[PDB]
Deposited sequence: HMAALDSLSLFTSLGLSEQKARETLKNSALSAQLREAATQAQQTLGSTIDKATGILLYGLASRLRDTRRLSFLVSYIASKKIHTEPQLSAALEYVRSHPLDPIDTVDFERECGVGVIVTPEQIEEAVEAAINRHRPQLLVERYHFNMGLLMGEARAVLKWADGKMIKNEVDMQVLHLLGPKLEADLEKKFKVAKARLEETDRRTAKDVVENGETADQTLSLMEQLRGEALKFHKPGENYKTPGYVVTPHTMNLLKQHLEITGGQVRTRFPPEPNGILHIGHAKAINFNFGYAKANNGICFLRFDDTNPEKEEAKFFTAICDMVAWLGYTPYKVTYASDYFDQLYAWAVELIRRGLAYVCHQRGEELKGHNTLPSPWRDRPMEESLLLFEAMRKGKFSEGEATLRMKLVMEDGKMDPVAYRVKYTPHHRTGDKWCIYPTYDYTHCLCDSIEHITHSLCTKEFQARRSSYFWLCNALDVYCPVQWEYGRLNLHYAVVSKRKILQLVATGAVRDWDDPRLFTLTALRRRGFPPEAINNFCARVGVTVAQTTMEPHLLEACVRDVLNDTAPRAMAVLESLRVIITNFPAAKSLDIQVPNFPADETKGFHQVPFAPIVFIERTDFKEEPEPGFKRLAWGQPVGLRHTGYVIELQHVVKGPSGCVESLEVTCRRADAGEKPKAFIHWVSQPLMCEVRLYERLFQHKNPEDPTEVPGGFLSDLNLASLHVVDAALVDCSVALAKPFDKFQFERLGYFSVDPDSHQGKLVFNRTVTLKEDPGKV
């Protein structure tokens, strides 16, 4: 019992400081009441009272004028229904002004925000709103500005928000605006920093192989002033690249780790190589990121940092850690010990366009872990750059670049695919700049898939595939067109795991997750390709169909009652066998008459029954829709690249390819359907609206089967 502690001990246990407790204790009425509150609280908590509940009980004890209601308010604080300062403040406002003493639980609870949840996004938006409101004055006054106004205006929008959450959001958004004061389990639980055993921001020095220089601690101090201790990550695709399923592990890891840890993630385009824009790919990268449910804190480009990358390269030369080389490209470079001043001179000369591509290079001066000598920092390239045009004719290499851009953007967790971490550190430490922690995870790849841009652009060149978005490809944009829901791909990445190696996997494991999302999300409607006309010799002359079968709590849509209904030519048989059959809603429709064409083309049917056979699917007054059915792109379900050594991955082009249906018949439930909307075609499988589908000429894609075995 906390009820048996001396008041000094009790009060420090409730979370008062020693100083506040020794004061409180002089106040007899407050001590007796605070003690009373705590006794009742521990009673109906069956527990020791945590600090947060304690501070509130303190507030209650110190402010409740009307002792009569103490057991009332304590019960709420205990059961955590009142767990916020403005909740307690509102309950106290309510207790004054309600002496009635049978108090209406519902009135009180609503008046005190009892159930109300305030989300981070909400606080984020209230704070952002206040900042915009004051931005000009914020930018000039900088840290002299009254931060009170921001919390003020934020408070006034969020009555029931925790004040510290507001304060923290204001602090952080002000930091991002001002810069430094220079004076299996859930995907998101899986990416908790504590779950993965990743370092806390600013504690890079605890990670393996990290080097603590004489500047490191100061460097991390500066790091924390710039970042405010926030987790920062990056995703760095080429702006002209094509994303595939492996990139989904990357996107979820970098944006997800940021998201799971109150952090930010940079979309940093790797545009170190000057090349013409291909706007379709760029926007597709941006879209795919958004599509899987993430938003870049900021969009940057490696080319933004060309000036600083160059400056740092000059500084490497000055420190004897880089030199200008004339090897063409391993053979020891004749130039690696040339005088520093020759390297300063020729590096400038490289920049001034005095060398042809390949005639000169800048190299770091080290031996790497794998025995590689002197990796290249800079090459001469004269293709105009899409963003800096002809401003540069020298460009940093990939590893040099994104390592030092990580330092520039103060990345806390640089997450990559395998692993030259030793050389990453070498670079930052050679220049004594902030050194982010690099962590390598294992690639993710799928069998029967080819994802090289050069190879994809030639699957499209050779018409084996309709476009780079074609559902037989395993690119991200393709899987979306094929009809996969983002949730599925993410759920897939969640289930595969967090820390592995090159793990080439079988596609059906993913399609598994596609099914499990379309089941709870894709509404059902009926259709078939091989259609037959069926004639009713019988019926009465709007049979409502549910949206989701296993839970009707979703609603229903009306479909036709007319007698001319159509069915599947795969259900209509004459002869007998072991297993077969032959309606879903109306009757049973027994075969009265049977036609036959010139040969054995059964051309129509007559039917007349109502109501125990086997129920099938049909379409009365049908809408005419195109349907595309797809096969496995590569014959070898396993990899096309030559482990099999087929001698050609273009030989493995499996001749089945596409099965186009050319406007068969479908329920009028798929009428107001927009592209990427997904349905269950009630006996065939899951299908989604291809982006070629107007309301006029509707088109569908065969997303996934209902089962495997």
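Which parts of the deposited sequence lack C-alpha coordinates? The deposited sequence has unmodelled segments at 184-217, 364-370, 460-462, 586-589, 631-639, 669-674, 773-776.
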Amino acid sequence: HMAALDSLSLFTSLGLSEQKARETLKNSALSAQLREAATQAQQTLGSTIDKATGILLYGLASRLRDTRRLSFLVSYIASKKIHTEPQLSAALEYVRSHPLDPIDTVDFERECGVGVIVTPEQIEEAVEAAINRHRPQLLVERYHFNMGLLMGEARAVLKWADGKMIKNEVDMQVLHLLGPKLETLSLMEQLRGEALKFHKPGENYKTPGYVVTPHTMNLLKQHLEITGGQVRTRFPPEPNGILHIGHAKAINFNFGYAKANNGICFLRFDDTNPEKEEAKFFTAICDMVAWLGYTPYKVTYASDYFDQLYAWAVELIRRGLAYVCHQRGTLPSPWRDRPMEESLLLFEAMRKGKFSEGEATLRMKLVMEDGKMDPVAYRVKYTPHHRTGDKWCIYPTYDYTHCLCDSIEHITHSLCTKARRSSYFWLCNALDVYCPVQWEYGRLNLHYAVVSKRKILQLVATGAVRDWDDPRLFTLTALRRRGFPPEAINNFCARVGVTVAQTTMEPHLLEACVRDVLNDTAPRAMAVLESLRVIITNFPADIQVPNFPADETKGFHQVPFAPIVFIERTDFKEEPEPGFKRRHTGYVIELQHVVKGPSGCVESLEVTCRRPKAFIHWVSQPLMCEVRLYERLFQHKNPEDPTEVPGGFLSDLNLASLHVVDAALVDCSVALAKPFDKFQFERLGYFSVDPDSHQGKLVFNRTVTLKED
From here on, numbers count along this sequence of modelled residues.
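Mean CA B-factor: is it higher for 637-645 or for 38-46? Looking at the record's C-alpha B-factors, the answer is 637-645.
If you take the mean CA temperature factor per stretch, which one wins between 566-574 and 156-164? For C-alpha atoms only, the mean B-factor is higher in 566-574.
Of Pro214, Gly113, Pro471, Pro546, which one's C-alpha B factor is largest in the deposited record? Highest CA B-factor of the listed options: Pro546.
Please pick out which of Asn490, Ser89, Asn273, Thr608 has the largest Cα B-factor as recorded in the entry. That would be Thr608.
Could you tell me which third, lowest, middle or highest, the C-alpha B-factor of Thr53 occupies within its chain? Answer is middle: the recorded C-alpha B-factor places it there.
Please rank the C-alpha B-factors of the chain's modelled residues and tell me whether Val595 sits in the lowest, middle or highest third. Its C-alpha B-factor, which the entry lists for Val595, ranks in the highest third among residues of this chain.
Chain third (lowest, middle, highest) by recorded CA B-factor, residue given as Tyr400: For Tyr400, whose C-alpha B-factor we compare with every modelled residue in the chain, the answer is the lowest third.
Give the position of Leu653 by CA B-factor within its chain, expressed as the lowest, middle or highest third. Highest third - that is where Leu653 ends up once the chain's C-alpha B-factors are sorted.
Select lowest, middle or highest to describe the third in which the CA B-factor of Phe253 falls within its chain in this entry. Within its chain, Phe253 is a middle-third residue by C-alpha B-factor, going by the deposited values.
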